[PDB]
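Trainee: Sharing a structure here in structure tokens format.
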Amino acid sequence: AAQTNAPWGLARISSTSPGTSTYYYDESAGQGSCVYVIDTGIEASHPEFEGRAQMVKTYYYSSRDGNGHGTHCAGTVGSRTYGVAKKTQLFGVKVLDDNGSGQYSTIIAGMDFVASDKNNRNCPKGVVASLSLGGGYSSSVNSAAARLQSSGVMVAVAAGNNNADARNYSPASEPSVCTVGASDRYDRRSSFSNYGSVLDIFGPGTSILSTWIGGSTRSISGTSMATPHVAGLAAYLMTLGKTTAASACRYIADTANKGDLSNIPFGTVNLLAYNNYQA
Ligand SMILES: [Ca+2]
């Protein structure tokens, strides 16, 4: 299935080269998979979600996304126009307030929530969680991400936007989850993207068009934007069978475009998420 004039990041994920604008993907499109977006929430009413999104948890006075960030990330995972996995089910977990902030204790509670909550959902092809958030190193935050992964969820987390080694950030520094750096449309490491040994993969992160609150759309940049490309990719590959929650990060690394990114520091993987779809 070809989507013409797709956002550059979608086109990139199904291409052996930069500079194209059509996204190619198997029509199964993540059907039967689920992706949790642990963030500021998701505007489920957005026409782009087609009824496939819903809020399942909040730690605040509302489950509404009053920020937009969570809605944008969810759109990159699974919206009809802006999403990687256009038929996945999206579950919003609001651990961040409308200012985009959240206490680590609330974020941890949200991760443990997902590990249990998946047992209340129908996800026969598998379960993914996208965590476009982070802060300074915390063993407790890392451990929560590790538990979520251990429980049978493909956990994708943002490397961070500090142009620094991600070893000093959490959950980025957790070895057992999939830590995602950001690239731009010219295959350069995004200027803000963290790097380091803890990174597992890069995805499109600069100038990413997706859904926004109030039924709108906008382009923003961050490792927050790269992460949902990888989460959506995992969901897509899981419905194809190709991989499982426990092996998806390795599989994505195995099958990535290799050595094609510029300004990757010595010691950081040079791997760009790729669906290996042959139309
Ligand atoms: Ca790792």
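Trainee: Given the Cα-Cα distance of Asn162 and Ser207 and 0.36 nm per residue of separation, how much length would full extension add, in nm?
Mentor: Contour length minus the Cα-Cα distance gives 14.5 nm.
Trainee: While we're looking at this one, here's another question. Rounded to the nearest 5, what % of the DSSP beta bridges within the stretch 157-279 are antiparallel ones?
Mentor: Among the beta bridges of the stretch 157-279, antiparallel pairing accounts for roughly 45 percent.
Trainee: Using the Karplus curve 6.51 cos²θ - 1.76 cosθ + 1.60 with θ = phi - 60°, work out ³J(HN,Hα) for each residue of the stretch 214-220 in order, rounded to whole Hz, and write x for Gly and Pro.
Mentor: x, x, 10, 9, 6, 9, 9
Trainee: Now for a different question. Count the DSSP beta bridges whose two residues both fall in the chain, then state the antiparallel fraction as a percent rounded to the nearest 5.
Mentor: In the chain, DSSP labels about 30 percent of beta bridges as antiparallel.
Trainee: Determine, for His69, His229, the number of other Cβ atoms within 10 Å of each Cβ, and report the residues in order from fewest to most.
Mentor: Fewest-to-most ranking of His69, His229: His69, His229.
Trainee: Label-point separation (nm) for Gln103 and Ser116, each offset 7 Å from Cα along Cα-to-Cβ?
Mentor: 1.9 nm
Trainee: Would you be so kind as to identify which of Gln31, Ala53, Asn119 lies farthest towards the positive end of the dipole of the chain, taking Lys and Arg as +1 and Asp and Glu as -1 on Cβ and the Cα centre as origin?
Mentor: My answer, from the dipole projection, is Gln31.
Trainee: Sticking with this one: Would you give the gap between the C-alpha center of the stretch 155-202 and the C-alpha center of the stretch 8-76, rounded to a whole Å?
Mentor: Using only Cα atoms to place each centre, the spacing works out to 20 Å.
Trainee: How do the peptides 80-88, 98-106 rank, highest first, by the average count of neighbouring beta carbon atoms within 10 Å per residue?
Mentor: Highest mean packing first, the order is 80-88, 98-106.
Trainee: OK, next. Relative to a virtual label point 7 Å from the Cα of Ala1 in the Cα→beta-carbon direction, which members of the stretch 229-258 show backbone nitrogen distances below 19 Å?
Mentor: Backbone N within reach: 229-243.
Trainee: Quickly rank 52-58, 142-148 as a protection proxy: mean count of other C-beta atoms within 10 Å, highest first.
Mentor: 142-148, 52-58
Trainee: Additional query: What ratio of Cα Rg to 2.2 N^0.38 Å holds for the stretch 60-105?
Mentor: Details: Rg = 11.7 Å, N = 46, 2.2 N^0.38 = 9.4 Å.
This ratio for the stretch 60-105 stands at 1.25.
Trainee: Continuing with this model, one more query. Magnitude of the Cβ-charge dipole of the stretch 122-263, K/R +1 and D/E -1, about the Cα centre, nearest 20 debye?
Mentor: 180 debye
Trainee: Here's something else I'd like to know. At 10 °C and 1.306 mPa s, grab the translational diffusion coefficient of the chain from Stokes-Einstein with a Kirkwood Rh over Cα pairs, rounded to a whole number in µm² per second.
Mentor: 90 µm²/s
Trainee: At a Cα cut-off below 19 Å, give the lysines reachable from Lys118, other chains included and same-chain residues fewer than 8 away excluded.
Mentor: Qualifying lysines at Cα under 19 Å: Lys57, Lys87, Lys94.
Trainee: Rounded to the nearest 20 debye, what is the charge dipole size of the chain about its Cα centre when +1 sits on each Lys and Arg Cβ and -1 on each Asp and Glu Cβ? Walk me through the intermediate numbers first.
Mentor: Numbers: 20 positive and 18 negative charges, 59 e Å.
That gives the chain a dipole magnitude of about 280 debye.
Trainee: Next up: Which of the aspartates and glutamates could a cross-linker bridge to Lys258, judged by Cα under 18 Å and excluding same-chain residues fewer than eight apart?
Mentor: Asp184, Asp187, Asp200
Trainee: Of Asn162, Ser14, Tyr137, which is farthest on the positive side of the dipole of the chain, counting Cα position, with +1 on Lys and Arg Cβ, -1 on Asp and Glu Cβ, and the Cα centre as origin?
Mentor: It is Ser14.
Positions of Cβ are backbone-derived with ideal geometry, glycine not excepted, and every protein chain shown enters the neighbour counts. Throughout, read-outs are computed from the coordinates displayed, never taken from laboratory work.
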